[PDB]
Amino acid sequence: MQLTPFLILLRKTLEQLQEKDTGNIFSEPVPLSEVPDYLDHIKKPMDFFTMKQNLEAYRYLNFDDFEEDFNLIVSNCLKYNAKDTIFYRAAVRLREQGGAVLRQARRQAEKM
């Protein structure tokens, strides 16, 4: 498998996932200045900007590398926020809509 087409695919996939986050609540790191207790609960923060930096640093060399960090975005948000919040429901919606994006993108990776 060639590296360049794979990273092109991950870039497109990351763009499609970001499009599902219409409120852009996962676009940048959770601002630790506004939620000082966040690192009490969350062992590894994640967000789409960090994912883009990891992608371009060649830290994602298989689809699981990539999907694990996406899953962290979702799971961290479900963990930190109460069920009756916009943030929690946004993570549920992203899990649902993003899972479909990822399934198709992984099938294309497997054609490489």
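Note that residue numbering follows the sequence shown and begins at 1.
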- Query: Looking only at CA atoms, which has the higher mean B factor in the entry: 7 to 15 or 89 to 97?
  - Reply: 7 to 15
- Note on the structure: Ranked by mean Cα B-factor in the entry, 32 to 40 and 61 to 69, top stretch is 32 to 40
- In terms of its chain's C-alpha B-factors, the third that includes residue 27 is the middle
- Would you check the entry's CA temperature factor for residue 50 and let me know if it's in the chain's lowest, middle or highest third? middle
